[PDB]
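Please read the structure below before turning to the comments.
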Amino acid sequence: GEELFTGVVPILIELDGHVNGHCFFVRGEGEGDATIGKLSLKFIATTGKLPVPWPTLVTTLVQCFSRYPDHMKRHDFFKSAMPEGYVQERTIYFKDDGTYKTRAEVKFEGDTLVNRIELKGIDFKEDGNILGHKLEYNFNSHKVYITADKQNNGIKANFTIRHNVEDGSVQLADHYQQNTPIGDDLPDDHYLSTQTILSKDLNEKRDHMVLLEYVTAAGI
Amino acid sequence: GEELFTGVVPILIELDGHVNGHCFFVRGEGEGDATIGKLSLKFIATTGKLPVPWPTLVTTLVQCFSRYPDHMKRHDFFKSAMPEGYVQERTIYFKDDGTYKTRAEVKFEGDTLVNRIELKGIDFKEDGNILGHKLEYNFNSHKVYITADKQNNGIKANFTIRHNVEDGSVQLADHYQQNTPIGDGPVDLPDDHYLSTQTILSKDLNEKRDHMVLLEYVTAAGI
Ligand SMILES: [Cu+2]
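So the sequence lines, in the order shown, correspond to chains B and A.
Residues 4 to 64, 68 to 190, 194 to 229 in the deposited numbering are what the first sequence spells out, letter by letter.
Residues 4 to 64, 68 to 229 in the deposited numbering are what the second sequence spells out, letter by letter.
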């Protein structure tokens with residue numbers, strides 16, 4: 004499993020999104036390097052202007071690329087669910103606002119690691135921070151708290167994303183997560202420490218997101 | 004199973020459609036009466052103007071509501087799955103044109119019978135009859151040939167839809183179908199028969215969204 008992440012691996016991400024009657028498709032390409040815990044990705048909305056802000060889709064759009075330092079390798083479930091992969095499901099509750107529900111399969115298809123997702127968004131207020139496009143084009147650092155789910159031969163994860171709002175206020179987004187292996194390890198409690206920059210290609214006419222991200226595992 | 008169709012039952016239909024990079028959502032509501040084999044439905048495209056003609060979605064958008075006459079009740083698989091429901095999968099090949107692949111779950115959610123579908127459309131020619139919106143706003147009668155698929159505890163079905171085209175020609179659409187029960191309970195596996203179908207497509211004159219009003223009569227025969 005780990006053997007497949009020694010060095011740079013090409014990435015493909017695909018998202019099916021349906022939110023309050025509005026539909027979108029997002030394709031992402033780039034590279035991941037799990038030895039340094041770095042992702043470099045460009046995402047394009049093939050269906051035109053997104054009906055939701057790009058930052059709300061960051062956590063949905068490969069943890070497999072988190073850097074697990076040598077003393078924590080035995081706690082890296084994401085790797086070793088390779089090459090068959092794992093199913094990542096989440097419910098994301100936006101405080102005072104609407105909810106995303108997601109399902110995804112992360113796996114190898116040849117040399118490329120692929121993340122295919124379906125996203126359903128419900129009960130979002132018109133003129134809220136999400137449908138109103140009131141979220142700043144940035145992202146903050148978080149701790150992703152991971153625990154083992156022995157009964158589903160996998161893991162649960164809990165976190166709160168902090169979305170900055172043009173207002174000066176903050177939009178919270180409580181993430182509840184589950185991962186189960188597709189094919190035939195289970196960690197003690199730890200967390201992933203995350204950092205992310207969102208930018209734009211200045212020559213790109215389509216609605217898009219350039220993303221650089223660093224993630225490393227800690228807490229043992 | 005059959006017990007649940009004695010009266011008028013409210014219907015909900017939902018379609019996820021992805022065709023040649025386009026994407027759309029269709030919500031449908033109305034009523035079905037299986038005693039007379041009648042559907043009355045209104046469909047709305049919540050995502051704007053559909054990238055494909057409404058008639059191409061008709062077969063994808068509740069055969070449990072077919073009328074099975076008393077002498078054929080033991081051959082009605084669709085109702086015997088219920089209320090737990092069945093999975094309806096199809097491949098639809100359009101002659102000289104691109105194909106749909108569909109998957110759907112038909113089941114009860116409370117009193118409402120619900121049909122939730124995913125549709126993938128591939129290899130459709132731009133300025134063909136489908137992407138070019140060249141199909142007349144109507145629908146024809148067909149025979150849906152049903153056979154038993156004992157090995158999947160369900161049924162296969164085959165038929166060809168005839169879509170009239172504005173030029174006077176016809177666009178054929180070969181349907182290949184499979185149904186399997188969602189539940190573990192027993193179901194009726196039928197001897198070969200067919201469903202006879204008739205359908206009218208109309209518009210609500212007060213509806214500004216892209217939509218389809220549909221009235222349909224279907225009865226089972228051929229024993
Ligand atoms: Cu979709």
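Just so you know, even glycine gets a beta-carbon here, dropped at the ideal spot from N, CA and C.
Item	Value
Kindly indicate which three-state DSSP category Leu195/B falls into: helix, strand or coil?	coil
Applying a beta-carbon distance threshold of less than 9 Å, which residues of chain A neighbour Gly24/B?	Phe28, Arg30, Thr49 and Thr50
Any beta carbon from chain B within less than 8 Å of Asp19/A's own beta carbon?	yes
Taking the beta carbon of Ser86/A as the centre, do at least 16 other beta carbons fall within 10 Å, making it buried, or is it exposed?	buried
Can you round the beta-carbon distance between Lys45/B and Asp210/B to whole angstroms, since I take them to be within the 8 Å contact cut?	7 Å
Can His148/A be considered in contact with ligand 1, in the sense that its beta carbon sits closer than 7 Å to one or more heavy atoms?	no
May I ask whether a heavy atom of ligand 1 can be found less than 7 Å away from the beta carbon of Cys70/B?	no
Have a look at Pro89/A and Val29/B and give me their C-alpha separation to the nearest angstrom.	36 Å
Indicate the three-state DSSP secondary structure (helix, strand or coil) for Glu6/A in the structure shown.	helix
Quick one: give me the first and last residue of the alpha helix (DSSP H) that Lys85/A is part of.	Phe83 to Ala87
How would you call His81/A, buried or exposed, if buried means at least 16 neighbouring beta carbons within 10 angstroms?	buried
Any chance the CB of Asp194/B is under 7 Å from a heavy atom of ligand 1?	no
Give me the Cβ distance between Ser43/A and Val224/A, rounded to the nearest whole Å; I'm assuming they're in contact under 8 Å.	Not confirmed; about 13 Å, so no contact.
Please report the distance separating the alpha-carbon of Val61/A from that of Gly33/A.	15 Å
Per DSSP, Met218/A forms a beta bridge with which residues?	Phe46/A
Whose C-beta lies closer than 7 Å to the C-beta of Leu53/A among residues of the same chain, with five residues either side of it excluded?	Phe27 and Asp216
Over what stretch of residues does the beta strand (DSSP E) that includes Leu119/A continue unbroken?	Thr118 to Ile128
What is the rounded straight-line gap between the Cα of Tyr143/B and the Cα of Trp57/B?	8 Å
So, using beta-carbon positions, are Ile14/B and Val68/B closer together than 8 Å?	yes
Ends of the beta strand (DSSP E) at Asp155/A?	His148 to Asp155
For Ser202/B, which beta-bridge partners are listed by DSSP?	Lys149/B and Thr225/B
Cβ-heavy atom distance between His21/B and ligand 1 below 7 Å?	yes
For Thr38/A, count neighbouring C-beta atoms within 10 Å of its own C-beta (all shown protein chains included) and say buried if the count is 16 or more, exposed if not.	exposed
Pull up the distance between the alpha-carbon of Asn121/B and that of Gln184/B, whole angstroms please.	15 Å
Would you please state the rounded distance, in angstroms, between the beta carbons of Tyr106/A and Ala226/A? I believe it to be under 8 Å.	No, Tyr106/A and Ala226/A are not in contact; Cβ-Cβ is about 25 Å, not under 8 Å.
Do you know how far the Cα of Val11/B is from the Cα of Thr108/A?	37 Å
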